[PDB]
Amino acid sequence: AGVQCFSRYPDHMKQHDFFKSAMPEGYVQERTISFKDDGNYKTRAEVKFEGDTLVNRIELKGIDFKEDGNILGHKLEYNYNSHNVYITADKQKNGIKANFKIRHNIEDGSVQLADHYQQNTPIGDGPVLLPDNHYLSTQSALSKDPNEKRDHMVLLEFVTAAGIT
């Protein structure tokens, strides 16, 4: 969910795709990710084109984590549950907001909730598309490269916009 400009918007919803409308100048994306009974991430990112390449540059700050919580204690399974991202316009910032819940699987069979609140605003001056309410349906598959000795993650994701007929 860092480069939501790669979502598939169905043709009948294309007037609701803020993310691509902000390109190439791009958008700022900010989140607060609150891990239930643990700490939080605050993130600020700028997503924009640099020539023909889509670039996502992020600063992440995490505070108030428990030293042997699920996060700093590495108690989460290496997998990822499908979910929806619920988008609404923020006319006042000429942008969008989103809210959604991520449920990480704990190795003991339980779940670690990560509440997400998100705000996006354009970097450029050109007109953008302010959407009606809708959601992004996301699926992500996490894997490893068997020849990579560095700490890493291989990700395959599919995302489709939905919720308007």
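Numbers follow the displayed sequence, beginning with 1.
Looking at 114-122 and 92-100 together, the entry lists the larger mean B-factor for 92-100, computed on C-alpha atoms. The PDB entry reports B-factors from which the mean C-alpha value can be compared for 123-131 and 27-35; the larger average falls on 123-131. When the CA B factors of the chain's modelled residues are split into thirds, the value for residue 67 lands in the highest one. In the PDB entry, residue 151 places in the lowest third of its chain by CA B-factor. Ranked by Cα temperature factor within the chain, residue 159 sits in the middle third according to the deposited record. Per-chain ranking of the deposited C-alpha B factor places residue 59 in the lowest third. Split the chain's modelled residues into thirds by C-alpha temperature factor. Residue 12 is in the highest one.
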